[PDB]
Number of protein chains: 2
Amino acid sequence: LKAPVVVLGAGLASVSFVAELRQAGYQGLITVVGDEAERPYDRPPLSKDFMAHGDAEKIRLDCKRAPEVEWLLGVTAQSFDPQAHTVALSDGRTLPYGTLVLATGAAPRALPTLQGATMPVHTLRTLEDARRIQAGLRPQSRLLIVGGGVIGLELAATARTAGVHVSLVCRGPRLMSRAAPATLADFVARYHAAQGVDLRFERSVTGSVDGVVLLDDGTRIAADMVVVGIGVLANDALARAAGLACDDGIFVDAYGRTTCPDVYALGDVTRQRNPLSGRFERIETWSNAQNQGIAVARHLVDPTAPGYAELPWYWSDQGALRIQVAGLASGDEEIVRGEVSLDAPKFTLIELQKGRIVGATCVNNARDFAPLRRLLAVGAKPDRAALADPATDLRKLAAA
Amino acid sequence: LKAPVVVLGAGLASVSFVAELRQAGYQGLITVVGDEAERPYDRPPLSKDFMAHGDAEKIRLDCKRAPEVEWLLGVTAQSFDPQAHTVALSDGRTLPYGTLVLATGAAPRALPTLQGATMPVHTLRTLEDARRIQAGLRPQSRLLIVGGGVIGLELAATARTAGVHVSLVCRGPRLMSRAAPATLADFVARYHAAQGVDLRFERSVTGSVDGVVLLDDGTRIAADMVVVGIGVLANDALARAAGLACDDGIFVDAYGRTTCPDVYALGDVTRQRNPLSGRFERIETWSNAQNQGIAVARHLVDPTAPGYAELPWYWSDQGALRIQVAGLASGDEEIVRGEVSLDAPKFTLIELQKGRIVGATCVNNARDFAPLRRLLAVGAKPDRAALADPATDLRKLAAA
Ligand SMILES: Cc1cc2nc3c(=O)[nH]c(=O)nc-3n(C[C@H](O)[C@H](O)[C@H](O)COP(=O)(O)OP(=O)(O)OC[C@H]3O[C@@H](n4cnc5c(N)ncnc54)[C@H](O)[C@@H]3O)c2cc1C
Ligand SMILES: Cc1cc2nc3c(=O)[nH]c(=O)nc-3n(C[C@H](O)[C@H](O)[C@H](O)COP(=O)(O)OP(=O)(O)OC[C@H]3O[C@@H](n4cnc5c(N)ncnc54)[C@H](O)[C@@H]3O)c2cc1C
């Protein structure tokens, strides 16, 4: 940890990182460069309560645990020179650094077949994106979602609640193909279908003409707005140009180190080891952004601290479904705890591999999720009849 | 480049690297740690002329362009401490380093279903492996090859020439699924079948009993020896233990830098950018080991030198087939230059992507291969009728 510290990006990973630097006792300069001209804010509300209620002053991040930080908002870092240890800014200034931290996140993938569309086509990543989409969620209008991911499904639920007709086109046979158990994905489709979403599986968009989207089965879907949500691409251009190892994401180890000395990376922009799979992956979650930011900062201030070691998890709020998913989507066994039903949905899934818990899901059961995450953390091998047995107190198991 | 230099591994990548350090003018200490108690040697002969003729003094690497190097042969590096800048050796000694270079290669994957086999089961990586296999290539004996890769096919050809019966089990529908055009793979199967190889596609080994191998179609293949060749796994254990970013291979950038300052990696052990695909891959070729070693050394001595930038290629010698393959196996177009025939085989394939050459293959035509590699290097977009037209002088095109 060499002063001064410069962080590129002012999202959750950056804020979490700089707050932890201060909390851990680093007192040198910290400067954060953020391209959005917005008080730093959290993204999960954008497809949830913000999309529904519109108050950005409810979604700001707390920068108070990060005192003495200069935030350069509305400024783009255009390049860095890792030999000279400088960053070039879009406003004409240059920042020196002792330690540079790349926390530039990821951007929605564009859909090539809708390039040159002459109807509204949006993606949902930023506060600006959310305001734009919300401005078009007119009651009785028609929205088409492209993609099977959670964000689009959250938007679908929000739109249905607002009286918007919703169709959805998914290239795969199931929703939430990324990091979600099939049992959950199947149930989620049943839920959305019951709420009036017109779901089209194993279909791809081939183009659009005069307000109508074309599909690869030779059919058409008319819509007033398309929201594309087919995933994101790491914002790793500065790293690539500067000679760091990257491949849709900046490769980092558990200390957040890139292949360039004195340059670290955090959050959505990184490709990193998933300890459960033992494979490198680009993790796309709120918990990773916060936890990785904190762990990297902690180890920078105190090199005796362990590297980042938290296991993955996320949540999604889709209408009546409060979904929580931890670890791996599958193993060699799933245990279903409770009944899977559209009538007052409430259930828990546990994924095991040779008796060891490797993942869990809770739908409308936050109380189960925390002890399951602890059991997951230590690779617990509990009695499987009991795991299924409704009589079982999971918090007790975790404590033991 | 901080002295002293320590290199772990004494294969081609290591030898190429240390020779280039010396040629570029570095005069500080160089120590190489090699676990094999063998004068450094090249691997391609092991499934080719060595397997056929057995003289190891024809396969040694030239270490003369690497003067003043201490080679610690028959010694295993057990760990390194990147803070203390030391390496712990199996003989009880410790080496200090200013710059550490990991060139530890890769080892054959074991076949889980043949663990506990009570018949000879070998892999083919080392001089020791080759001598062991050769000692069992008795005329009229039966050899089973598991895997569709080039090394097993080279062994198959060598064995057939020696009068050994050969069967081969391939899990995929084609041979050489890795980095070989389908047109080449199909022809190669026809060639081996014509030479008496018993080829079994889309079959996997499920086990073995009393000298007989079991397949997933419920059938059996008796053999006197099994040689498993289903690929290799990077020898990245020291890197993993020391906290470097790895995933079946040590991630490096074009300068050979790992995520740990002062630690570099080269050769088969690395996962690195393929410039043609723009994706990270573990390259498994002789040309990469030599070229990457040279480029990394050059840039260490002269930081103004470019990073590693060579495009991939390899060759394979399979009986009457002298195969050369460069670049990508496929694009959006293949041009076939010549006829594809078992009667005096000689042809060239060119792979294009939107008119740009992205790969090439020559079978028994070394003269075509060099100019094609040059056209590939600059992403040439030549006239495609001419590329197909037999009248065409490719060397002239390259020069122009
Ligand atoms: C709509 C939506 C809903 C979500 N819901 C959930 C959820 O319920 N649960 C969950 O687990 N996760 C959710 N996520 C995911 C989560 O929010 C992300 O994982 C998180 O935002 C990643 O934080 P980050 O700081 O790494 O990246 P970002 O939030 O993308 O922040 C990076 C910032 O850096 C900026 N930047 C990029 N390049 C430059 C540059 N050259 N110069 C200056 N600035 C630059 C970016 O524009 C951006 O402002 C959601 C995301 C979205 C978009
Ligand atoms: C049979 C065979 C045929 C081949 N034919 C061809 C061909 O025709 N064309 C082609 O393009 N490529 C071919 N190859 C591939 C090629 O030879 C490899 O790409 C090349 O050997 C890689 O070189 P390397 O130095 O990175 O690794 P290696 O050659 O594997 O050298 C690494 C060395 O480091 C040692 N080591 C590992 N760990 C330690 C440790 N902890 N301490 C000390 N030493 C350690 C290893 O045991 C090994 O001796 C062939 C390979 C084989 C095995």
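One-based numbering, in listed order, for ligands and for the atoms of each. Here is the naming used below: chain letters follow the sequence lines, and residue numbers restart at 1 for every chain. As a basis for the values below, the full set of heavy atoms in this structure was taken, side chains included, without hydrogen atoms, waters or symmetry mates.
Atom 2 (C) of ligand 2 has its nearest heavy-atom neighbour, among B:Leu46, B:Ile323, B:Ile151, B:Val150, in B:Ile151. In this structure, of B:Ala103, B:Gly34, B:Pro40, B:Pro108, the residue bringing a heavy atom nearest to atom 32 (C) of ligand 2 is B:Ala103. Within the set A:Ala106, A:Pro44, A:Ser47, A:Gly105, the minimum heavy-atom distance to atom 27 (O) of ligand 1 is found for A:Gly105.
For ligand 2, the polar-atom distance check finds no N/O of B:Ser316 at less than 3.5 Å from any of the ligand's N/O atoms. On a distance-only criterion, B:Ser287 and ligand 2 share no N/O pair closer than 3.5 Å. In terms of polar-atom proximity, B:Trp313 is not counted as a contact of ligand 2, lacking any N or O under 3.5 Å from an N or O of the ligand. Considering both main-chain and side-chain atoms, B:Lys48 comes within under 3.5 Å of ligand 2 through a nitrogen or oxygen pair. Looking at B:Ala13 next to ligand 2, an N or O pair under 3.5 Å apart turns up. In terms of N/O distances under 3.5 Å, ligand 1 is approached by A:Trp315. For B:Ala77, a nitrogen or oxygen atom sits less than 3.5 Å from a nitrogen or oxygen atom of ligand 2, counting backbone and side chain alike. Backbone and side-chain nitrogen or oxygen atoms of B:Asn235 are examined, and none is located within less than 3.5 angstrom of a nitrogen or oxygen of ligand 2. Where the criterion is an N or O separation shorter than 3.5 Å, residue side chain and backbone included, B:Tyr314 fails it with respect to ligand 2.
Among protein heavy atoms, the minimum distance from atom 11 (O) of ligand 2 is reached at B:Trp286 N, 3.1 Å.
Atoms of ligand 2 lying under 4.0 Å from at least one heavy atom of B:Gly267, given by number and element, are 26 (O). The distance from ligand 2 to the heavy atoms of B:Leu124 drops below 4.0 Å at these ligand atoms: 1 (C), 53 (C). Every atom of ligand 1 with a heavy atom of A:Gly11 under 4.0 Å away is listed here by number and element: 25 (O), 31 (O). Atoms of ligand 2 lying under 4.0 Å from at least one heavy atom of B:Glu284, given by number and element, are 15 (C), 19 (O).
Annotation: the span from B:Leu153 atom CG to B:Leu321 atom CG amounts to 10.0 Å, rounded to 0.5 Å.
Residue-ligand proximity: A:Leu12 is placed with a non-hydrogen atom under 4.0 Å from ligand 1. Heavy-atom separations between A:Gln78 and ligand 1 are all 4.0 Å or longer. Using a non-hydrogen distance threshold of 4.0 Å, A:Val75 registers as a contact of ligand 1. At least one heavy atom of B:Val33 sits under 4.0 Å from some atom of ligand 2.
The side chain of B:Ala289, and not its backbone, has at least one atom closer than 4.0 Å to an atom of ligand 2 (non-hydrogen atoms only; side chain from C-beta on). Here A:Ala107 has no heavy atoms under 4.0 Å from ligand 1, in either its backbone or its side chain. Residue contacts with ligand 1, taken as heavy atom pairs separated by less than 4.0 Å, involve A:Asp268 via backbone and side-chain atoms alike. Proximity of A:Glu36 to ligand 1, defined as any heavy-atom pair under 4.0 Å, is confined to the side chain (atoms from C-beta onward).
With sequence neighbours left out, the salt bridge (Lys or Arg N to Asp or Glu O under 4.0 Å) criterion links B:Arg43 to B:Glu36. Residues meeting the side-chain contact (heavy atoms from CB on, under 4.5 Å) test with B:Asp248, sequence neighbours left out: B:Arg109, B:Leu233, B:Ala234, B:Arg271, B:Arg282.
Taking the charged nitrogens against the carboxylate oxygens, B:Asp42 and B:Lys58 have no contact shorter than 4.0 Å, which rules out a salt bridge.
Two residues are said to be in side-chain contact when any heavy atoms from C-beta on lie closer than 4.5 Å; A:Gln272 and A:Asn288 meet this criterion.
No side-chain donor-acceptor contact under 3.5 Å links B:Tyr264 to the backbone of B:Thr258. In this structure a side-chain-to-backbone donor-acceptor pair under 3.5 Å is present from B:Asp91 to B:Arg93.
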